[PDB]
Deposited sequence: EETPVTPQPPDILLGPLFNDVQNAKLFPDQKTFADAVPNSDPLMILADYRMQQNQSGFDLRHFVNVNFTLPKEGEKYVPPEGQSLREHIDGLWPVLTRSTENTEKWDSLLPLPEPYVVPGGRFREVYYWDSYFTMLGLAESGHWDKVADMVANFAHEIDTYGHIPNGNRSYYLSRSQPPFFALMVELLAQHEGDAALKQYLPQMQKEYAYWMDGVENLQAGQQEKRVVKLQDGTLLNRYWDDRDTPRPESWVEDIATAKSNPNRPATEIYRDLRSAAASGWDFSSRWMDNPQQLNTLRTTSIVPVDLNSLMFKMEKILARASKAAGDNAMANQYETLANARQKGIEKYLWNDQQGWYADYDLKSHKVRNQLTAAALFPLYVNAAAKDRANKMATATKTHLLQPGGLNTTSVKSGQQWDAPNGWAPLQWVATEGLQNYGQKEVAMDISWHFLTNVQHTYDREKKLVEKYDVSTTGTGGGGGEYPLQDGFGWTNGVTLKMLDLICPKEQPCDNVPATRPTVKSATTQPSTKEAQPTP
């Protein structure tokens, strides 16, 4: 149960009082006794002469640790810095105290770094690429097994292993994780995790059998002509426990709209990974105008395509050819849907589909490379995507997330490792090597420059040239390894990005 439900008005009071400078801190606090009895105790004590809320919290909760700082040794190469960090980013939480928001996992896992003290769904894929690249297949397998277990226990992979992340998933990479493990383990891996891949697919498509044309429900939309696509959705319609005061302030700033609708769209953008972006906003100046759930995402639907293709491949590997064909049929239908509703023929680029206006959007964002990444894109449209990339999103320090400098995280001038890799790999898929290399060199140069000065890798980079900023950093480390390998000869690998 998430902390706001467990603790009631007590959670609200502590978050609003801003006892801790991060709202995630009290979301991660561990009750020392039954939260129902803490709430009862709080109600009695709170109006007592001299009641101190900070003292009450200290007495009734164990808080996250806060004073510590990682100190790398001097002058290690970029590659050695990353490679030696894996144990540091690894957590082992097979059992948790009762009432901890942290959810137990059977095997060790890598977390992104800093305040992100839990496994993240889509981060873990790019992280696992790094682990695999540097020969840590056992950690890769541990993490696949963990996610399989979450599917088994919760019915889906939560955004992270926190009670307050249970209400949503994230960009789905599990099937791609199984394929990554199969690179090492062969078809055995596809066979072992077929039931879990199927159950995750059931999650995303839940309710589709009874969904009528022109309606949406949970993570599924059916257009008027019957086309089936997915959207991001969270099952709750309240402030995020981890961003409690920010979300309340957002909704309060637009009393013309039901707060429940704003909370739903804030939580659904968090499910998208892109919390937040002009991509979801009617007005980039005002977060209270986001309408995430009314938007059909081109990246999510690309990922669904890949999931359907992988289900077909795993079915075939298990010896069920008829079932493999069924998944191929679903994949083809998805591909047609992407090509019809998620391609903007006037601009010549992929884009989201707007359910309110019943048209494909004009806005170009880095999500538009996803159809290339998953091999859904027609060849001529992949070529158009290379042009659009160079014209609009390629910047000196890497691939821009969007061309709108809104002040939000998933927008210009911010470059995010996962997006760099998806773009690089999708362009390579279609022989657009020049643009793919430009992204890799520009982003890697940006990573090296920050590492040179600060001896760290961080969650995101400003591409204009080459909560506070977080360090580690899981997906940055993974993508860097992969790109470093790409830009230097296989037989003469580099440990730092060449100056020229």
Deposited-sequence ranges lacking C-alpha coordinates, in sequence order:
1-7, 474-481, 516-535
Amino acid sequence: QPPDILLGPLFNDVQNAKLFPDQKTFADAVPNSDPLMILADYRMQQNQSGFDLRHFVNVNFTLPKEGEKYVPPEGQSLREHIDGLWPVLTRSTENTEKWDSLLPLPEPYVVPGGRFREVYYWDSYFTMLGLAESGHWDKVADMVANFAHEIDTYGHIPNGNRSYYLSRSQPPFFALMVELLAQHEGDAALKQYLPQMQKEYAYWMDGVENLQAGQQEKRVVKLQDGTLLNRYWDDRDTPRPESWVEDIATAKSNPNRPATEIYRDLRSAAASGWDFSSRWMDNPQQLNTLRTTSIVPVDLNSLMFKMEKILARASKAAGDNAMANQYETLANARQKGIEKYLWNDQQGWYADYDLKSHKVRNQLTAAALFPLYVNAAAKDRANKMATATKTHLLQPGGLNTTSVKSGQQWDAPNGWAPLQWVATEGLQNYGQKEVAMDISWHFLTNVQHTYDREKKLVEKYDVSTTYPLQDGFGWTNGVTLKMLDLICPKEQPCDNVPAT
From here on, numbers count along this sequence of modelled residues.
Looking at the other compared entries that model both neighbours, is residue 71 missing coordinates in at least a third of them?
yes
Between 294-302 and 248-256, the record assigns the higher mean Cα B factor to 248-256
I need to verify one thing: averaged over C-alpha atoms only, is the B-factor higher for 259-267 or for 83-91?
83-91
From 184, 361, 334, 162, which pick has the Cα B-factor that tops the rest in the entry?
184
Looking at the C-alpha B-factor of residue 477, is it in the lowest, middle or highest third of its chain?
middle
Mind checking which third residue 201 falls in for C-alpha B-factor across the chain?
lowest
Tell me, lowest, middle or highest third: where does the Cα B factor of residue 104 rank within its chain?
middle
Split into thirds by Cα B-factor across the chain's modelled residues, where does residue 37 land: lowest, middle or highest?
middle
Would the CA B-factor of residue 316 place it in the lowest, middle or highest third of its chain?
highest
